[PDB]
Number of protein chains: 2
Amino acid sequence: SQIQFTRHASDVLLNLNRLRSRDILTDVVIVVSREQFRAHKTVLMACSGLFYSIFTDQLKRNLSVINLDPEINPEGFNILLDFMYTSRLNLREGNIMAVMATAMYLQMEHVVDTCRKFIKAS
Amino acid sequence: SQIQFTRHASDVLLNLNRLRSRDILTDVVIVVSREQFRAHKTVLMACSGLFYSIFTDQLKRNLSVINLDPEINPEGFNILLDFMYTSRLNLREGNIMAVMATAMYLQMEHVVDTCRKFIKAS
Ligand SMILES: Cn1cnc2c(c(-c3ccc(O)c(C#N)c3)cn2CC(=O)Nc2ccncc2Cl)c1=O
Ligand SMILES: Cn1cnc2c(c(-c3ccc(O)c(C#N)c3)cn2CC(=O)Nc2ccncc2Cl)c1=O
């Protein structure tokens, strides 16, 4: 019987993104080939099967640096990181294969399915 | 022109709450009279003018314990903490004055306004 605040979750996510943009309480750097992306591990865990499985393990929970597989496309990763923090996916013909492969690796099922739909609708 | 994922923010918030429930990557304990509540500072900052102002300051950013004002009602605080992590506000006649006073202190304007509406609709 709770009062539902329909914009609250999106307001929270927006504010988490503004914290990321100011590097406030970020606790990990994700290294992808020659690039580095700082983030909150809690957001990564909340959005990715791969990052959940990594940080839930007490062996790895306190890691401050994660190196992704050398084959991962940095643009694809950046698109997905932005998606995590915004709910918006920048999917185009020039990046769709890279985004889909990256989302498979990150274990983000809704985005992989959306990539399949994009391929089908094209 | 981004594809919008309408359930993503609520999915993220739900997963942040499950992390809280397992005490995974919580970095602060909020002490309210005789009670203690663990939380993520990033979520607190994202939801509260008071917590934003506290932790944005480098003087206080790394605090692991925050003691709230002794007058703050623990039930009211718990209701608002749950709201932060769920978008659901448990507002009733028996708790409305305590919730409204706590939301004023925490600087959560939408909840204070909702408390005003509850009082008016009653
Ligand atoms: C396949 N797969 C596996 N794991 C996933 C996801 C997503 C997800 C969330 C929103 C999305 O928009 C998309 C997309 N696209 C994907 C998140 N997680 C991690 C997870 O469940 N964490 C968790 C579990 C239990 N308690 C606490 C926590 Cl933090 C996923 O898709
Ligand atoms: C009055 N007031 C002041 N500050 C507030 C809020 C809310 C808020 C959010 C969702 C809600 O559902 C409710 C309610 N009810 C209240 C959050 N914040 C903190 C904030 O803006 N943080 C921030 C600012 C800039 N960059 C990064 C960050 Cl993290 C507020 O209401």
Side-chain angles (χ1 to χ4, degrees), chain A residues 5 8-30 36-46 55 58 61-65 81 84-86, chain B residues 9 12-13 15-87 89 98-113 115:
Chain A
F5 286 63
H8 175 74
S10 50
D11 285 351
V12 171
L13 195 67
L14 168 57
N15 284 343
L16 292 175
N17 204 24
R18 295 171 159 157
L19 293 178
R20 181 170 61 115
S21 286
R22 290 184 53 208
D23 205 35
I24 295 174
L25 294 170
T26 49
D27 54 355
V28 72
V29 57
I30 308 301
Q36 300 187 11
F37 302 91
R38 294 197 50 81
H40 302 109
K41 287 190 267 188
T42 49
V43 172
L44 297 184
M45 296 182 76
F55 302 122
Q58 289 284 5
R61 187 154 323 149
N62 302 116
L63 282 172
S64 65
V65 181
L81 182 61
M84 290 181 188
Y85 278 90
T86 67
Chain B
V12 171
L13 195 67
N15 284 343
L16 292 175
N17 204 24
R18 295 171 159 157
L19 293 178
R20 181 170 61 115
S21 286
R22 290 184 53 208
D23 205 35
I24 295 174
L25 294 170
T26 49
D27 54 355
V28 72
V29 57
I30 308 301
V31 180
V32 192
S33 74
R34 299 174 278 99
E35 295 204 55
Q36 300 187 11
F37 302 91
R38 294 197 50 81
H40 302 109
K41 287 190 267 188
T42 49
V43 172
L44 297 184
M45 296 182 76
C47 298
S48 160
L50 180 67
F51 290 124
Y52 175 82
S53 288
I54 291 168
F55 302 122
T56 195
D57 189 343
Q58 289 284 5
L59 181 71
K60 297 182 175 186
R61 187 154 323 149
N62 302 116
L63 282 172
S64 65
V65 181
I66 300 299
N67 296 287
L68 301 189
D69 188 278
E71 287 309 316
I72 295 299
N73 183 268
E75 180 182 27
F77 182 74
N78 200 5
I79 289 167
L80 290 170
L81 182 61
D82 284 336
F83 166 75
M84 290 181 188
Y85 278 90
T86 67
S87 310
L89 185 69
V99 168
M100 190 171 47
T102 311
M104 291 171 58
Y105 171 71
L106 298 181
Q107 303 166 32
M108 299 175 70
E109 187 49 28
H110 200 182
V111 169
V112 174
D113 194 58
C115 291

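All values below were derived from every heavy atom in this structure, side-chain atoms included, with hydrogens, water molecules and symmetry-related copies excluded. In what follows, chains carry the letters A, B, and so on, assigned in the order in which the sequence lines appear, proteins first and then strands, with residues in each chain numbered from 1.
Without hydrogens or angle criteria, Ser87(B) side chain to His8(A) main chain gives no donor-acceptor distance under 3.5 Å. Of the possible polar contacts, one joining the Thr86(B) side chain to the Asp82(B) backbone as a donor-acceptor pair under 3.5 Å is found. Between the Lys41(B) side chain and the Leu63(B) main chain, a donor and an acceptor come within less than 3.5 Å of each other. Judged by distance alone, with hydrogens and angles left aside, the side-chain atoms of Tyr85(A) form no donor-acceptor pair with the main-chain N or O of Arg20(A) at under 3.5 Å.
Closest approach of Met84(B) and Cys47(B) over heavy atoms only: CG-CB, 3.5 Å. Taking every heavy atom of both residues into account, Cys115(B) and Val99(B) meet most closely at SG-CG1, 4.0 Å. Listed here is the closest heavy atom pair of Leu106(B) and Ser48(B): O-OG, 2.7 Å. A pairwise comparison of heavy atoms in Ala39(A) and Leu81(A) identifies CB-CD1, 4.3 Å as the closest pair. Here the shortest heavy-atom pairing between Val111(B) and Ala103(B) reads CG1-CB, 3.7 Å.
If you take CD on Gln107(B) and OH on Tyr52(B), they are separated by 12.0 Å, rounding to the nearest 0.5 Å. Interatomic distance, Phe83(B) CZ to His110(B) NE2, rounded to the nearest 0.5 Å: 7.5 Å. We find the NE2-CG distance between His40(A) and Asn17(A) to be 9.5 Å, quoted to the nearest 0.5 Å. Between atom CG of residue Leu68(B) and atom OG of residue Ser33(B) there is a gap of 9.5 Å, rounded to the nearest 0.5 Å. With rounding to the nearest 0.5 Å, the separation of CG in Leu50(B) from CE in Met45(B) is 11.0 Å. To the nearest 0.5 Å, atoms CZ (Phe51(B)) and CD1 (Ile66(B)) are separated by 7.5 Å.
Residues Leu44(B) and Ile30(B) have side chains in contact (heavy-atom distance under 4.5 Å, counting atoms from C-beta outward). Residues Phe55(B) and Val28(B) meet the side-chain proximity criterion, which asks for heavy atoms closer than 4.5 Å. Considering only heavy atoms from C-beta on, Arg61(B) comes within 4.5 Å of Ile24(A) through its side chain. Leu19(A) places a side-chain heavy atom less than 4.5 Å from the side chain of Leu16(A). For the pair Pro74(B)/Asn78(B), no side-chain contact is recorded, criterion being any heavy-atom separation below 4.5 Å from C-beta on. A 4.5 Å side-chain heavy-atom check between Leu89(B) and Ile79(B) finds at least one atom pair inside the cut-off.
For an aromatic pair to be called close, the ring centres must be under 6.0 Å apart, and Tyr105(B) with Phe77(B) fails this.
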